[PDB]
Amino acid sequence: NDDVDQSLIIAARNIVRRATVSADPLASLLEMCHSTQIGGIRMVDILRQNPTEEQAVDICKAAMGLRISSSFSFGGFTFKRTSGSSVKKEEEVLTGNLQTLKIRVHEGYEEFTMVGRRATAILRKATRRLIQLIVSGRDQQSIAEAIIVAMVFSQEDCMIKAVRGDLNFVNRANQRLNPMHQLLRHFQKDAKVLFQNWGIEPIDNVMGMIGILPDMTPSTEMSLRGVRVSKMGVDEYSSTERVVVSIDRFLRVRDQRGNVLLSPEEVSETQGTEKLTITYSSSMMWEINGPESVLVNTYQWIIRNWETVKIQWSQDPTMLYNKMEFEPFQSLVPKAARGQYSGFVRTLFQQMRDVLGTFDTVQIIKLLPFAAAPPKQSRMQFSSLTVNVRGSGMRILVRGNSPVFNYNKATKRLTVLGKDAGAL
């Protein structure tokens, strides 16, 4: 139960992380979710049974047409609106650096329950204002994280005008973050100016409640405006409804009303160790076990599906070259010589078809991944073809064997960087 939940989080995150970089994240996510196994069982089956509420996991559930929490993730915290309501109002605001940010202001009194990985809090909010913030946490650092998220979430004018410099944050795919996430990522790096400009007020130590100061230290006497830290743990226990959600190509999970509940920006960067053995069968996830395993899995896949490849190679070669299974291999090839190696190898195959009785098989399986890229005019007679592993550029010789591709004709077995990789 617990080992399945933990491995499901680590599984789902790696898929959502990989999906964002792809040209069709939604399709890539489904391809990987339908192919991946976790401890013998399919992930497709796990997502139906398992009630694990997590950012990356719920994005997978949304993709397959399953219900998820009505709550939304912001700054890695799940916001459960226990009471109140609001209405949207799109407004432009100038930061401290005079940068205009178009933000959806929520007009109305609302009570939230922030649920974090290292912290918990009960937020009381009004229009462009924070009324109160009761907070628990493991350490003072985890408390500060929740405070910074709550200060940005309130959208106060002091928070906007505390910004210093230009906000140009981007995700893994080099795409600008929305105005609210621009503020989070700024203040998460450093927010001493925010804490200073927010405002301090005197407090009463009463309900096991203590203050917190701009330097992130405990204080019985005074505290930040609206912020109280409970010595004990915050009691919550409020079930959220499982609601139907729509999901677009960018993995932006939206509820019935049209609010973005989840996104790949909310998926945590933590990469835990796997309890149960996760088995990714998708070609996109050959990169997960390093560049070394990519070269192994590429030549394995060709050997496994050789009879199909051989028919394709002869008749429709453009179909073969444009397979998505050669994309991991092509990332390892140096960007300068990607099209040049493709042009070289695609000639060598043309000559093989032209001269008819020059059919090598070993040479084809060896060089076929280089032909995946769009070809370019090469001067030719490449002694070797560089393929960048971890830093070091291990080169594959055209004629004969190499450290990367070692085939012994006696054994009829392929060795790739020491490890075995199929047989014919």
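When you see a residue number, it is the position in the sequence shown, counting from 1.
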Look over 369-377 and 58-66 in the entry and identify the one with the greater average Cα temperature factor.
369-377
The stretch carrying the higher mean Cα B factor in the deposited entry, 217-225 or 143-151, is 217-225
Which one of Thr52, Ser28, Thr386, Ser35 shows the biggest C-alpha B-factor in the PDB entry?
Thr386
With respect to the C-alpha temperature factors reported in the PDB entry, which of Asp157, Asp235, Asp248, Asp255 ranks highest?
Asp235
With respect to C-alpha B-factor, does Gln350 fall in the lowest, middle or highest third of the chain as deposited?
highest
Relative to the other modelled residues of the same chain, rank the CA B-factor of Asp166 and answer lowest, middle or highest third.
highest
Lowest, middle or highest third: which one holds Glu292 when the chain's residues are ordered by CA B-factor from the entry?
highest
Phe72's Cα B-factor: lowest, middle or highest third of the chain?
lowest
Third of the chain, ranked by Cα B-factor, where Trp313 sits:
middle
